[PDB]
Amino acid sequence: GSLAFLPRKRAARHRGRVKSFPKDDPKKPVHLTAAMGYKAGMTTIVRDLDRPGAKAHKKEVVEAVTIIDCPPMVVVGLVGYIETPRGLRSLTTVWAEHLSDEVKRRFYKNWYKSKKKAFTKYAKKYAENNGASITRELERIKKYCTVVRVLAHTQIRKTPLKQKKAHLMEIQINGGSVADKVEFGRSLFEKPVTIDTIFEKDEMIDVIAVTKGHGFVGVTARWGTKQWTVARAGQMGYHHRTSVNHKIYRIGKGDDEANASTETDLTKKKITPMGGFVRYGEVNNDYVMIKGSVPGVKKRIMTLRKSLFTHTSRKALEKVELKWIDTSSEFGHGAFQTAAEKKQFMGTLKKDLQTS
Amino acid sequence: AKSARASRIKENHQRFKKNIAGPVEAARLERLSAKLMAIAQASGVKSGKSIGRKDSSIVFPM
RNA sequence: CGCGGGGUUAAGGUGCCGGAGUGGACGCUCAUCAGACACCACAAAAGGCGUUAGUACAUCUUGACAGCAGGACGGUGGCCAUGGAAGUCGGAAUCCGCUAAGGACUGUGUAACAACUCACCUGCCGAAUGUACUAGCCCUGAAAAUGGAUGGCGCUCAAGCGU
RNA sequence: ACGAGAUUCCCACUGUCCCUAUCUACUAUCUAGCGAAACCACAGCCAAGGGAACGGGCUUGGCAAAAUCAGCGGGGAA
RNA sequence: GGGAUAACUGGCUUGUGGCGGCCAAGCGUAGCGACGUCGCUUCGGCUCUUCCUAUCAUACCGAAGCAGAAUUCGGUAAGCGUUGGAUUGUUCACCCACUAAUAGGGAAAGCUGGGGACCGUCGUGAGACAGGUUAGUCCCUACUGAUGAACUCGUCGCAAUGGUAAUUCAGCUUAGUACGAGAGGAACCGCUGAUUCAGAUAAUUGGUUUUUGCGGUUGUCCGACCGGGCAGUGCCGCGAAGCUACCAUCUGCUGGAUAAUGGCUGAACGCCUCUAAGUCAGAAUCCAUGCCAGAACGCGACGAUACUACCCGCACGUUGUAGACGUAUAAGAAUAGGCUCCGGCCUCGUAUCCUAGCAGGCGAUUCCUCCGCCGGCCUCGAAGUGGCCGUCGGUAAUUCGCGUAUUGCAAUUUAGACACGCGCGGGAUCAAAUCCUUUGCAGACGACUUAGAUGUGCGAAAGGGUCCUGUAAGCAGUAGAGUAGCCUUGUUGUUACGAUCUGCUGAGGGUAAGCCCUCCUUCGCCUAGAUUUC
């Protein structure tokens, strides 16, 4: 096996941390870096390839893509860091007024029995002429910090998940003066940020998630067998992984009602498979169609971040043209893309006449 | 073959990052920042402009 | 060599572990894992355009060593041999003239010449040089395989070496 | 000709293998009750040094943080 | 038969033979004598992890009639790899290929095939003996994973340290170009794949089936039908879901400094020199980033903190302190130079500041000097403070008056700072976690992701969808092979049974247990009870 992933222990957290944001210079415009989504499943697409020099040039190729449900994130805070001889240090963070119930659920282990008063005194700071305190923290970030990050949380009431406790993370603000990005973060308070604004089509991203667990496994399946360097039994899976160079093929809007339609096939259909995504449900929000496979089980929190370096391949900066998107059922050997297509093929049934 | 950390490959990648990948990613960043710009734009002591004090050690306790 | 108190020493030490000197004098040495007492082996009449002291011989205002500007000529393409061979693919002799000096030629070069260069000589410059050995210290003088050892940190006009 | 005799060759089959994957039952696991034995100077981290190619206790370094659960087989003359 | 002896090697080993003569600096005062030259010639296989370099390949360099291509010799380099068969005829055991290549060793090790020694007797030109005796010694730690008390619980982070990852080949273009008499025949830039390795993933394809889901069928049984039991899952077909497969799919990233070597300026050494001072480039090398873990005695930011006592003021402690007693003092930079007030100054911090008073009294005389607390305005973020102004309080720079005794001739001159605790009197707040039930993104057990307080809630049914199987039970049609009665001949006589076929019927059955949805689709449950906490 590989000694670069040697401490094969369970991840300390279920969310997964970025661990590196792309290097910042003030010349680029102000932008965000990362976002969160929920893994929905996989589907098959047909792509009109435009790869000069390849055997499949000017031909149709069938590829596997993964769907990540991406409801808009709400910006509810701002954090500032300073450079020290001991690394980066958090100087102060400025929260927004009027936090939602979901983001407060993250702060509690027993939300149902609690007297929900998180940030109750902090809200009075805004509205009781202690706005000097809020501005003093904002000015402190401007004149002392070198990196400013945004606290954004998901909206899982839109996600078909039984979990009600949202997910917080810090997203770095890159490309600008420290003063410019602080005004950027304050203006984003209490506001939803959509995925098509953070990323876009035919760009290559990195995804961070915790892998599927397998429990106690022996040497045959853990280390791949035909001291610290000797294969042993232990935990396999549930490991933090950072996969890079995954191309976004499509960003769906959710309100389009024709998300899975292309310029080639004129079928008004959404991305959700016939009968729903197996073990997940229906994607009713913005979604990111990522090529290939991505670490994590279905309905697992998914961390999307930008590439740390400018790309060196023609796989990037190449246009992606879609011909057809599969929507047939994943619960079996499906053969119908729409409910209408099934009824047209089989005619009318005994129950159809009895009801009518 | 030439390794991934070869000096020559780094030089070729550096030219590619500057002459092909650079302009494309710069145009992409302009469009993305414009969309986020649209969403976002949609006494010193008594005002906080004079940044004052809020609310193990490094020196020996004298 | 009984149980205790005080004083002084031996071997060994006084940069910190560690009690006592970052003590004094004059020198030597820079090592791409120096050396800090093993001095036996590797190891020799050994390799060093490292550095210091010394011995012997030799050249020098009659101008020494280095350099720069010039000469480097004639018999004569000496004899044999070679398709060709003139100082310079080879064999053997290797003399004389003009000389300040210049090999029947030390290398480059031509098919053969030509041409360049060296030896050697002169002018300019100006005071000290050359060769070979000896003795110190320094580099190399052969090393495998878990990560480790002047006891450790570390030490360079030393905290190394000699008195 | 005969032989649960041996060998070679030919056809056929096979998770023997390329190269593994899946499934079932009893264990392994946790609980209630019951409940031993082997063995035991005292202990238990590594490296270099400890003339008798001998170290586990000495030297001098690396170090070094309570209490636990499961897996293993590395160590304990001629 | 007796004597000495347990046995060997440990800065061991490696690439260049011995003998004789000639030459030979020296030592020496004949003898030793190197380099050269001449003369004569038990064994095999199996392995995993790591290390070494004495490098087979891949990277980079120096040289060679090295035109190109292919090479050969050498240097730095261990980063990265180093195969599949035969062993079935003969031998010094070694052929077949594939590949970029099919390098050598150490840790010296276990499995697997090949291939005993003493007396006794009878004899010794020599052996024989079923004659006797006999040795054959489940725990701790290491590693891999999982929890964890103390710091109130939780949320978001930093990154010391430890590990570290990519590899080789091919094809297109350059190009039938450079080069070459011909035959032949490259490379940089650019583009696309594949091998090995590594990390993931289940759309699709294949595999697997206790979904015992549906169907078929054997034997036996429930009296027959229907519906079923048993055959430790009877056998057969399909079979979702889950798990998996270079049998499937996706992804594998960039800066600095160097080695060999090639250079620039330039002494040594009046030429010269890549080196001495200075300095440029340069390998798959080294160090980091990207990547993995997070110090359970490293740190930061934030939220809410019920009591206790959270904050503030002062009152003390028979409270703890690797150790107050003036715990006083900010330029930066050079050392073959620097500072300045621009006059000058610099070995020298043996300097500057502060420094008197019942442990520091009281009252004056006299003074605007110094110290302190509070506010207002600002400034200090590398582990966060100081300045300015104002109020009030204290204040020998000069000089006096009153007081000190008795602690008895010394006995730490109990006196500082931080932290902790006990008390008042002023302000402020009315919290969480765990057990429990639940979830399966998780799982040996703990742990983890969840949900439980009125809700887009939880649970049980039901309806719909999506998948699996393959057309249910029953009824009916002379469609129907065949088996039998009625009367008398039937050229079309009738009546019953009748396997099978057809229609109702892509029907019936199953469907989350780790599939999807719910407009009032129906029914029910709810603000608990127990422990602990600054």
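Only this structure's heavy atoms are used, side chains among them; waters, hydrogens and symmetry mates stay out. A note on names: the letters A, B, ... follow the listed sequences, proteins ahead of strands, and every chain is numbered from 1.
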Participant: So, the side chain of A:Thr197 versus the backbone of A:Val193: is there a donor-acceptor pair under 3.5 Å, distance only?
Facilitator: no
Participant: Need one label for B:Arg15: side chain, backbone, both or neither, based on atoms under 4.5 Å from any heavy atom in chain A.
Facilitator: neither
Participant: Below 4.5 Å, heavy-atom pairs only: which of B:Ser50, B:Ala42, B:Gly44 has the largest tally toward chain A?
Facilitator: B:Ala42
Participant: Are any side-chain N or O atoms of B:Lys49 and backbone N or O atoms of B:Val45, one a donor and one an acceptor, separated by less than 3.5 Å?
Facilitator: no
Participant: Going by atom types alone, do A:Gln172 and A:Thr33 pair a side-chain donor with an acceptor below 3.5 Å?
Facilitator: no
Participant: Please answer whether the main-chain N or O of A:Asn259 pairs with a side-chain N or O of A:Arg250 as donor and acceptor at a distance below 3.5 Å.
Facilitator: yes
Participant: Do the non-hydrogen side-chain atoms of A:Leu78 and A:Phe189 ever get within less than 4.5 Å of each other?
Facilitator: yes
Participant: Please identify, among B:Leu29, B:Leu32, B:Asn12, the residue contributing the most non-hydrogen atom pairs under 4.5 Å to chain A.
Facilitator: B:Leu32
Participant: Side chain from CB out, backbone as N, CA, C, O: work out which of these in A:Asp196 comes under 4.5 Å of a heavy atom of chain B, or both, or neither.
Facilitator: both
Participant: Would A:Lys181 and A:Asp24 pass as an ion pair if we require N to O under 4.0 Å?
Facilitator: yes
Participant: Report which part of B:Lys18 has an atom under 4.5 Å of a heavy atom belonging to chain A: side chain, backbone, both, or neither.
Facilitator: neither
Participant: Against chain B, label A:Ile134 side chain, backbone, both or neither, depending on which of its atoms sit under 4.5 Å from a heavy atom there.
Facilitator: neither
Participant: Please classify the contact of A:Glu183 with chain B as side chain, backbone, both or neither, using a heavy-atom distance under 4.5 Å.
Facilitator: neither
Participant: At a heavy-atom separation under 4.5 Å, does A:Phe199 approach chain B through its side chain, its backbone, both, or neither?
Facilitator: backbone
Participant: Heavy-atom distances under 4.5 Å only: say whether A:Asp202 touches chain B with side chain, backbone, both or neither.
Facilitator: both
Participant: Are the side chain of A:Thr310 and the backbone N or O of B:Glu25 linked by a donor-acceptor pair below 3.5 Å?
Facilitator: no
Participant: Tell me whether A:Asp25 at atom CG has more than 12 heavy atoms from other residues, nucleotides or ligands lying less than 6.0 Å away.
Facilitator: yes
Participant: Tell me, for A:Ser313 versus chain B, whether the close heavy atoms (under 4.5 Å) come from the side chain, the backbone, both or neither.
Facilitator: backbone
Participant: Heavy atoms only, distances under 4.5 angstrom: which of A:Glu200, A:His311, A:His31 has the most pairs with chain B? Name it, please.
Facilitator: A:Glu200
